[PDB]
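Laboratory data are not the source of any read-out in this text; all were calculated from the coordinates shown. All Cβ positions, even for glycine, are placed from backbone atoms using ideal geometry, and neighbour counts span all protein chains on display.
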Amino acid sequence: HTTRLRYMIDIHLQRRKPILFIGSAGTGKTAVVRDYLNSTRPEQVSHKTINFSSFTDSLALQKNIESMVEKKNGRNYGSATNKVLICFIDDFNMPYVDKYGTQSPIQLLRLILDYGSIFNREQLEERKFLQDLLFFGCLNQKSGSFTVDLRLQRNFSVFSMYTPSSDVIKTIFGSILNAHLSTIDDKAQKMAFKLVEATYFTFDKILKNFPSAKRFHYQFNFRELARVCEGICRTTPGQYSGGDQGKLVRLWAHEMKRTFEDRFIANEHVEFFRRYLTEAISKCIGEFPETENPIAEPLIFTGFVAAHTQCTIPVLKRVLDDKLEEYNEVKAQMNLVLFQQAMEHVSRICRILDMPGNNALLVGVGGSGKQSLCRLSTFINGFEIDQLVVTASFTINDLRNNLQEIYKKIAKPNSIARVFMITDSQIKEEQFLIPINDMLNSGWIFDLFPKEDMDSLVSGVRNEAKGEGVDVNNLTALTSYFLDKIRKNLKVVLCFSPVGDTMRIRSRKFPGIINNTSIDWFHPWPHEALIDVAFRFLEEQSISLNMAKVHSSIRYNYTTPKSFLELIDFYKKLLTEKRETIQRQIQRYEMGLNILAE
Amino acid sequence: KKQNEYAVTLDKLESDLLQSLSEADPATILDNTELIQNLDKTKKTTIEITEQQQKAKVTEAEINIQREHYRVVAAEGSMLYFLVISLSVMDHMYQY
Amino acid sequence: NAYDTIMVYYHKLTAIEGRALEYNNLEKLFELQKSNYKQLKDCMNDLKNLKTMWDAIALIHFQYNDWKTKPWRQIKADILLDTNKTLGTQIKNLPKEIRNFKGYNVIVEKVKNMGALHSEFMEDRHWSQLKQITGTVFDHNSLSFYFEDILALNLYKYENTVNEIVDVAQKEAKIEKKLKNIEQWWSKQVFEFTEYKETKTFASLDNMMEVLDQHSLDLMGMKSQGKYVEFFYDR
Amino acid sequence: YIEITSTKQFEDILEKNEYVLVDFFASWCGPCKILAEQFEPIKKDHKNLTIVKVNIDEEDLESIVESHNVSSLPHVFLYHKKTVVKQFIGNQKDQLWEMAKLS
Amino acid sequence: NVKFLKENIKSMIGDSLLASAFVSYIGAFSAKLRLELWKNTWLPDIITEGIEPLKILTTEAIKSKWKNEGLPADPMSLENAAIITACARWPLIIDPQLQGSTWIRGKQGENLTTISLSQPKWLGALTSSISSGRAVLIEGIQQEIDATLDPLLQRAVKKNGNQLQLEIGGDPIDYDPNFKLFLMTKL
């Protein structure tokens, strides 16, 4: 299919003809654009690409366009030493439609296409033109990405496709598997490919049942499965102990649970998926390789030499206690218990941080300090942390000043970035969401750092890039490498509440949220963890069962899991004060006896 | 209201029981004649609590005999009132 | 003086280690239970060593001393996270003998003893608060820079007094910024008059009224929570 | 002179080289002047020996410090065939020269 | 009396958890709902039973004083007189008819105020109340919650020097431990 794509794209580039395409987001179309562009650039013609938001209009188009050149016929575009200029549209249906269904970028495109022209908006006859420009873009189907009006597609040739086939998925991802497994211990090619066909079978049936209509966060995507295969090749490549395929199979099921148990909502979903997964593993190979993996997880710390690969429960306990105490040494302590689900959440944070470039999501209420668990996990990661300060002067200018400070402290020291935290409350001005989406996709913003700022930022990063070995002559590989390093450095976490109805509204209002981040469920509290905290706080068994059974019974009409935390605190108090009052009256009766006897 | 104040009157005894060792700080308590009278006060309350129990029994039993005399029409007029209060939802201006 | 006594008894222990080595030879000759006896090489390793860690202490402690010389601006006790007690923790990590030798242990006692304050947030009032709360009689913090003052005061044991002074200072921080607005943005402003039929008259009232009311809002929000009110209370 | 801040690279230097003279040094002085001005001559005179300079003040290098139990900033170690042969401290030109001569 | 207590420590286990869970949760569910919860009071797991927690809560004396203050003789009012003793989180007084508020006001007759939502001096009366260390009642809720009182709705007791003070609007206002607050809704 992409061979047909190549055949089309070659002649279209020769013709200098602007075209479009229809396809689902997350179908590697951005990656196909990257492949083609990096293959064709070779100092022949420049390029540009642009993302959109609903609160985008003709305005930002004119600016990000009008970046650079002064030729004849007024300020306009000229390929000095090149042939033309090209721009790309990441998302098409993104900009806001009025109640009549129009977007001012579409009318700007009317003007630019039919006249090759523009009118600068300051009050004058400042009416400029265009000489060399080519337009491209792509978009998924109508849901929920709007339809194109016939005034547009008549000037833009498109074509369609549909979801790839099992043979295609096997081709690409089994080729990646050939690479990775033939690198080290290739004696398991057949069972590995059969594991992948088990992936496809389970995928087919879970999508056959579970439809994306169930909830807004339901979606299955080519780039998701690419992330899966990438988590497969992430494994400790050495692992020269090929003694059981069950080792890589249990690891693989660990990545399976990483992918899907975080997302599952009904525990019936987890039942279905585990049933199908063990069914596939049994129709495939092995006797009890994955029949039960509640604890099994390839960790990092204390596994490698002097790390301080899979390990065990008391080792996890001791290492997590030691790291918590080391955090309490410098920072203020936070002694929320290291219960098994807290440690699993810590490991989830660990793997999310292990993934660089992209970010993830945290849809869970507060009360317990999820940000504090982030402090602990980022402390054991030993990386930089930051968070914006909320004030009455919650101005985009203030975020921008913090962001300039951020870019200074990320580019001049030439080190890891500050891992960021945001919550729903922290962001009152809805306009703040757009530069955050720019952080999500590009990791930087147009005109937030103008040209002189570009040069001043990349001054020292240039010389250090010559140290690592990128020439100064390219001057474009340089800047791409710099922003690539910025992405490799930056990590951000976004907290939400699942009760928020406008979470879906803003997810449709921003595609970068659902595409970039990963869906994890933070989920009715683990009842076993409730038991754990209950019988631990005896420091200050049937009762530890009993209060959780109470909460598990209240569910009939209405109930609240968080108030069960406040009820745990409330009855902890009530225990203390009731035993204290018991003591007070013991002493009152004792002294009654004293005076009686005297 | 009288059985009300008398049960609060017991709280003073609860105080005077507590101070019996507290006001003297558990010292020189033997020669203090005031505690003996505090013991005699506890005896007064003991029969004052005995007056509380008899009154609670004789009166409140009679009070319920008085209360039942109309109780059924009360709970009647109770839910009858809540019903006519709920009439305003089906038509504006229908508030009393 | 301790060294000399320990040197005599360590030479006796060197005869000891010689005899233990010859008994080790005897196990190499005929099988015996060498693992049964806890023979440690820490002693003779310190015999060869201990100048290593003594000079270690010389460098930690002559950083303390170059620091005792650092003038009242050159000293860094609070913009420095913890060089003193970091190196003390290093000594503690060093072997048992070392942490117990009171060269290392005198400087480790000093480390536990000594183990923001030079930032913009700090002011003369915070310096005087340091003086009063630390109980230090010195014209040192309250004057224009800090050296050899709150080391003579234990920095780690009274790290908490310094910490709460840092805390009240970073709480004062907002008055360092927000009430500069009133004075700058007021001093750079003047009555503006315009002729209304042969009479000059105040005009552009909106900007002046916003100016005055923002001034008053700053005054309110300042007379609010922070006890720091004294920094611009008269103003 | 070799100037390295990573423990793994120091270890590989020891794996691949026959004799290594390491000088833990500081960017400041102690009781006497630096030997870094006499230390480069010994490297330039003995190219058969990997002469390494290693600066404890670096936080990345605190790992090398902890691993070698180095506590004195001036600390010259002689390693041959991956194993510690000798170790002395202090900016002592005579000891450094003797160590280099007997390396 | 000593004998009663020496048993009472042991009798205190179990039944106390029951009162705590109900008082923390069931304060607004239907009465008939609470009944089945008491017959389903996890009987085989709570291992005295004839010590029902309705009497361990208070005595007749405190109920008595509240009658003088205007409290009903009615059970549902009695458990509501028990829940107001708990003041961990601020109460939601669902008051379909008024005497609930009248008795609460009759019970709070010392230092106090009352502010509607659509009030011009709303923030000023807020500031004066929290600074004076008194009560405050809110009735015209309009069945909605304000954003500026959310830092006050939660126990956002931040340290401001020796004093504890809280942000309500632009003005950062001083607390008062003597201060308390109550609301009231109808429907």
Rg/Rg_globular for region C:157-235, with Rg_globular taken as 2.2 N^0.38 Å and Rg from C-alpha atoms = 1.65
Given backbone amide H placed at 1.01 Å from N, residues whose amide H is under 5 Å from that of D:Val85, ignoring those fewer than 5 places away on the same chain, are D:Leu78, D:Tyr79, D:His80
So for A:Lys194, C:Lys157, fewest C-beta neighbours within 10 Å to most, what's the order?
-> C:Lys157, A:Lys194
How many angstrom lie between the C-alpha centres of region B:15-91 and region A:73-123?
-> 84 Å
Order of A:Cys495, E:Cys87 under a 10 Å beta carbon neighbour criterion, fewest first | E:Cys87, A:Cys495
Using 7 Å Cα-to-Cβ label points, what is the A:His1/B:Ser88 separation (nm, one decimal)?
-> 6.4 nm
Hey, can you grab everything whose amide H is under 5 Å from the amide H of A:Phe496? Only 5+ residues off in sequence or another chain; H modelled, so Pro and N-termini drop out.
-> A:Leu362, A:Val363, A:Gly364
If all Cα-Cα distances of chain C are sorted into 10 Å bins from 0 onward, what percent lands in each bin, rounded to whole numbers?
-> 6, 20, 18, 15, 12, 10, 7, 5, 3, 2, 1, 0, 0
Counting helices only, and only those DSSP H runs with n ≥ 4, report the 222 nm mean residue ellipticity of the protein assembly as shown as the sum of -39,500 (n - 2.57) divided by its residues, in deg cm²/dmol to the nearest 500.
-> -17000 deg cm²/dmol
For chain E, what is the percent of antiparallel DSSP beta bridges, rounded to the nearest 5?
-> 75 percent
Note to self: C-alpha centroids of region A:18-65 and region A:369-404 sit apart, in Å, by 31 Å
Using a Förster distance of 41 Å, how high is the FRET efficiency between A:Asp98 and A:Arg127, based on the Cβ-Cβ distance and rounded to 0.05?
-> 0.95
For all pairs of alpha-carbon atoms in region A:279-372, what percent lies in each bin of width 5 Å, listed from the first bin to the last filled one?
-> 2, 9, 17, 19, 18, 16, 8, 5, 3, 1, 0
Any chance you could check the Cα centroid distance between region D:39-70 and region A:232-249 for me, in angstrom?
-> 38 Å
Per-residue average of Cβ from other chains inside 10 Å of C:47-55 | 5
Can you run the Rg to Rh ratio on chain B? Use alpha carbon positions and the Kirkwood inverse-distance Rh.
-> 1.40
Quick shape check on region A:359-432: root eigenvalues a ≥ b ≥ c of the Cα gyration tensor, a/c under 1.5 is rounded, otherwise prolate if a/b tops b/c, else oblate, and it reads oblate
Tell me, what is a quarter of the convex hull surface for the C-alpha atoms of region A:400-439, in nm² with one decimal?
-> 3.2 nm²
Average projected area of the Cα convex hull of chain E, in nm²?
-> 14.1 nm²
Give a residue-ordered list of calculated ³J(HN,Hα) values for region B:72-81 (Karplus: 6.51 cos²θ - 1.76 cosθ + 1.60, θ = phi - 60°; whole Hz; x for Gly, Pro).
-> 5, 6, 4, 4, 4, x, 5, 6, 4, 6
Would you please give the FRET efficiency between A:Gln585 and A:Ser563, computed as 1/(1 + (r/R0)^6) with r the Cβ-Cβ distance and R0 = 25 Å, to the nearest 0.05?
-> 0.25
What number in nm² do you get for the protein assembly as shown if you take the convex hull of its Cα atoms and divide its surface by four?
-> 75.7 nm²
Using a basic spin-label model with each label point 7 Å from the Cα along Cα→Cβ, how many nm lie between A:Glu329 and A:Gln239?
-> 3.4 nm
Once a ≥ b ≥ c are taken as the square roots of the eigenvalues of the Cα gyration tensor of region A:121-247, is the result rounded (a/c under 1.5), prolate (a/b larger than b/c) or oblate (a/b not larger than b/c)?
-> prolate
Along region C:184-199, Karplus-curve 3J(HN,Hα) (6.51, -1.76, 1.60; θ = phi - 60°) to the nearest Hz, with x for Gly and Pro, reads 4, 5, 9, 5, 8, 7, 8, 4, 10, 10, 8, 7, 10, 6, 6, 6
FRET efficiency, A:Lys488 to A:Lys187 (Cβ-Cβ, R0 56 Å, nearest 0.05) = 0.95
Taking every residue of B:5-17, the Cβ atoms of other protein chains inside 10 Å of its Cβ average out to 3
Other chains' Cβ within 10 Å of A:558-566 residues: what's the mean?
-> 2
Once phi is turned into ³J(HN,Hα) by the Karplus curve 6.51 cos²θ - 1.76 cosθ + 1.60 with θ = phi - 60°, what whole-Hz value does each residue of region A:16-29 show in order, with x for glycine and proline?
-> 6, 9, x, 10, 9, 6, 10, x, 5, 5, x, 10, x, 6
Could you list A:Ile406, E:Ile104, B:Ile29 in order of exposure, starting from the residue whose Cβ has the fewest other Cβ atoms within 10 Å?
-> B:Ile29, A:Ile406, E:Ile104
Expressed in nanometres to one decimal, the distance between label points 7 Å along Cα→Cβ at D:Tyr1 and E:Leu33 is 7.9 nm
